[PDB]
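As a starting point, one isolated chain is supplied in structure tokens, in the form deposited in one PDB entry.
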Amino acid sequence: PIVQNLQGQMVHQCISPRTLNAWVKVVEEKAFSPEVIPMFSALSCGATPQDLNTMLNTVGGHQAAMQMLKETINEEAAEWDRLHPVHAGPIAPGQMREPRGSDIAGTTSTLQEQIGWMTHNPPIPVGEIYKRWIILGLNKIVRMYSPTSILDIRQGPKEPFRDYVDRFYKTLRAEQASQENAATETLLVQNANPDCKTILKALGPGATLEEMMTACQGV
């Protein structure tokens, strides 16, 4: 990554073995659960395109997801090339060549060029752009790899309400690739067992989740 030292310099630093092993183990253990996407975004803090490619390429399995991710990266790179055409001619002294789509993705750019863009005045954050594309692709992968539909989450006859809500919002987070309505509240209240459904319907509209789980604690 590119981090700031003690002398106030933006310098390049080798990616640590702890970060590599952490990302590899996160992918091995959690597959493409939603919480993988924050973790990735946290483990690639200040990363260069080379570091991002390193994190993605060290994954051994999930090659379908990785190939999808390459297709998404190519789409976003083509859009970047359409919106930011690199002008021909020679580069002025003291200036950097403008990055193509593959330059942001670390395919046709060197590490020295990536450091140059990221530490230039004004900076071109190629690492953050590439990370944005990668996070788009990973959102697609998370939505695709979601196992269960939200319509199939129904509270058991003797299942506690807390576990039912856990499965509900876990499934919803998996299918939306996001933790961010009225249809969700109605689907939530509708799929409860008769007791909790009667209590929740008795609570009236406009109720919060804390009140809902408090009213069904032990029912």
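Basically, rigid core = biggest C-alpha set you can superpose within 1.5 Å across the two forms. The numbering used is simple: start at 1 and walk along the sequence shown.
Residue-level annotation: residue 122 has coordinates in all of the other entries compared, counting only those that model residues on either side of it, so it never reaches the one-third mark. Modelling of residue 78 is complete across the other compared entries in which both of its neighbours are modelled; not even a third of them leave it out.
The entry shows a gap from residue 180 to residue 181, with 1 to 3 unmodelled residues of the deposited sequence in between. The mean Cα B-factor in the deposited entry runs higher for 153 to 161 than for the other of 153 to 161 and 57 to 65. As recorded in the PDB entry, 170 to 178 is the stretch of 30 to 38 and 170 to 178 with the greater mean C-alpha temperature factor. Within the group 14, 202, 10, 20, the record's highest C-alpha temperature factor is found at 202. Remark: of 127, 94, 89, 101, 89 shows the highest value [criterion: C-alpha B-factor in the PDB entry]. Ranked against the other modelled residues of its chain, the C-alpha B-factor of residue 74 as given in the entry falls in the middle third. Residue 121: CA B factor in the highest third of modelled residues in this chain (values from the PDB entry).
What follows is about the form deposited in another entry, which we do not show.
With the core held fixed between this form and the one not shown, residue 112 has its Cα displaced by under 2 Å. Put the two forms on the same core and the Cα of residue 95 is off by 2 Å or more between this form and the one not shown.
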